[PDB]
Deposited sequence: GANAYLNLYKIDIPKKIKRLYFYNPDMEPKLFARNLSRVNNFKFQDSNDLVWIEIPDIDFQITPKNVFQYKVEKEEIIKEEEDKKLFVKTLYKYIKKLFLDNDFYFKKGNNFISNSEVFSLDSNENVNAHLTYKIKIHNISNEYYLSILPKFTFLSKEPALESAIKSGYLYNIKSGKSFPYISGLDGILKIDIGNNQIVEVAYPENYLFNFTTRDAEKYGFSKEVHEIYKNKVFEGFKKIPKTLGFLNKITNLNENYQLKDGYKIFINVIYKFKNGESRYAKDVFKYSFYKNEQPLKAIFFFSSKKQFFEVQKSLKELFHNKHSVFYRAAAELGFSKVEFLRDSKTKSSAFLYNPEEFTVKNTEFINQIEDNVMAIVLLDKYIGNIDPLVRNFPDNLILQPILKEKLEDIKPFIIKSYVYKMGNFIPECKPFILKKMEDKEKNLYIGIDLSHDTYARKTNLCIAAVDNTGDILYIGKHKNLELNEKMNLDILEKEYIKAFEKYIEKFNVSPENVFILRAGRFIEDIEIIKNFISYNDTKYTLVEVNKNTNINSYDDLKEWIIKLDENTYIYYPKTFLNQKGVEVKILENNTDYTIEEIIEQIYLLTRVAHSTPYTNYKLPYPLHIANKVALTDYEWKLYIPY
């Protein structure tokens, strides 16, 4: 039976507000004292001081305060105000952790001062057990999600710590400040460029960046520790967090009803067979191909041409090499290297600084679909100059000089070339074969006071029908923009298939803060079945059990799928907000999982999000970088 890090909150769902009256003291100062001492917040009214707490035995500090309490009490049910219940509950959780000697970090992370151990690679670095807490509302009930992670801080305070870092974390405050100096027993920090001497150097600790971890040699031990000792973090939850027993019973673990966890198996359809492995594209070729592979070379200078020419000719020019072998395995008609009439040399030169080639007759009158094999000396800071400056009507395939060998790198390179050709479909998903009718679009909003919107539309095979990016400023106007973009993608689908799609899938990153009834209205009154889906990759639900390639049903409306990846499993939550299509909810969820597999960047790696959403996000993040990795 699969374990899940969820614990039912067995307390009344109402929260009660209590009032205190102190005649001797000023009310605001009274609320300040009480607030500081109980690790809770007290709000002061005109004449009274009040606190909002959940319906549980909440012990006030100091006990003598009982005299100031009044019989007047207000009860606010969870039904009346859900937000107040949830936020008040978060406050009580934070108070419990603080009272039980836990450090507070941003994002509801709590560090342990007791449960620390010294790293083997570096004794001065201390590993702190840490827990991430979230409140989840499923099946009309409230559950608590607990995630074990580790926070790495210096073993001893800054002045007594051999290791030094850029910033410090304050145990009591819970905030981090830039470390200026630790001279002569006084530690100074920067808060706008304001420097002060802090009273307690022992309260401040050192936090570390990845570069610091590499510099001191414990960077790899961090990853080993995360993948390796996380299981103990799950096991010791009842013993270590037993103080949380007021709201929940930790000894009882959450039990998935039978049938609520289902494993999804994906089979890739190839030309002369089918498989469950992506790399088997090499065994069974491309679903469609029989296309010529035409490419030219670009070199930073003649010196690098000669320097890499040794491995270059053996890898690329002799027919018995792995490049031709792989290209034939993928079903290419032939491999041809274009030579220009000006020089019987198929290699061309570009300047690295501006990434521009001299305009030659050959490049201007080149055929449409050719690969520019561009060799890069090192990883450069910005690759936007390469995208903008390089010739427009040519598909760009950069490769690093250092990489030029591990076979799967070359094989992945040829696969990328295959993906960028419009006529070649590498594969189609066996289960997605009958989904030609459906149109899958993803919506992403990226902020920063102006907000930019991007959407993407794909079909069952994985072809990108349309991509739309807007960098306009921040209701009805953004829904007008969304309706025009949706209409444009609709028109692109009908252009591709000469039919209006009977089913449209709308997948949005995050929650629908935008108006719903308008969206469902204008999508629906074209008699096209629609489904509105909320996808959030920030979920706290996990387990020590392996959940990769599994779909878990929290409630009938909410599911969570874990994509297959080499690293620690992290779930993605999919929620069917509304559905009028012929598909059932289970089938729709399965389709969302399939959209992650409709396309592959390489045969060996997997996408975490559905392809429409992944494209929409990648386009929203960068203006010109996304052109390199997405064919459109």
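- Gaps in the model relative to the deposited sequence occur at 1 to 2, 194, 408 to 409, 454 to 456, 483 to 484, listed in sequence order.
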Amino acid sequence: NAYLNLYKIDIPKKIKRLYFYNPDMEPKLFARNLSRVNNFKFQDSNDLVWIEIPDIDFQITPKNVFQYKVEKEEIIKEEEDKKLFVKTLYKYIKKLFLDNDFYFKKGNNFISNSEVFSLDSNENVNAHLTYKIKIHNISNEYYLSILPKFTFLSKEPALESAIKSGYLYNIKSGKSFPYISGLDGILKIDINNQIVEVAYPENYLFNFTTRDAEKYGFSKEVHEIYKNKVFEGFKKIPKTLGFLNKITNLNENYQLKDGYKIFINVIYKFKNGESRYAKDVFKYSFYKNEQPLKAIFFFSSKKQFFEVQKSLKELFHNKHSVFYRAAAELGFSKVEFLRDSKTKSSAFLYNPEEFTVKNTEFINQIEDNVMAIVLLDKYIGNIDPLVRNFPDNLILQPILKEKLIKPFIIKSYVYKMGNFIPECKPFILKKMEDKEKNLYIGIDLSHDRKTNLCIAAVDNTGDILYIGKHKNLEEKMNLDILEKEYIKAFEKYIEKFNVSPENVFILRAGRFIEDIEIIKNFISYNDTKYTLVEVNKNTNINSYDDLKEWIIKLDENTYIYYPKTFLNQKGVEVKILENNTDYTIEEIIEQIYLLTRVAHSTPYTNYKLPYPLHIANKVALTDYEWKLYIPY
From here on, numbers count along this sequence of modelled residues.
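- Stretches 384 to 392 and 451 to 459 differ in mean CA B factor, with 384 to 392 having the higher one.
- Higher average CA B factor: 331 to 339, of the stretches 331 to 339 and 130 to 138.
- In this entry, the residue among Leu119, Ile467, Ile366, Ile225 with the greatest C-alpha B factor is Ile366.
- When the C-alpha B-factors of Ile264, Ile171, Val504, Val196 are read from the PDB record, the largest value belongs to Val196.
- Ranked against the other modelled residues of its chain, the C-alpha B-factor of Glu495 as given in the entry falls in the highest third.
- In the PDB entry, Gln569 places in the lowest third of its chain by CA B-factor.
- Among all modelled residues in this chain, the alpha-carbon of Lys488 has a temperature factor (C-alpha) in the middle third.
- Ranked within its chain, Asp190 lands in the highest third, by CA B factor from the PDB record.
- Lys430: CA B factor lies in the middle third for its chain, per the PDB record.
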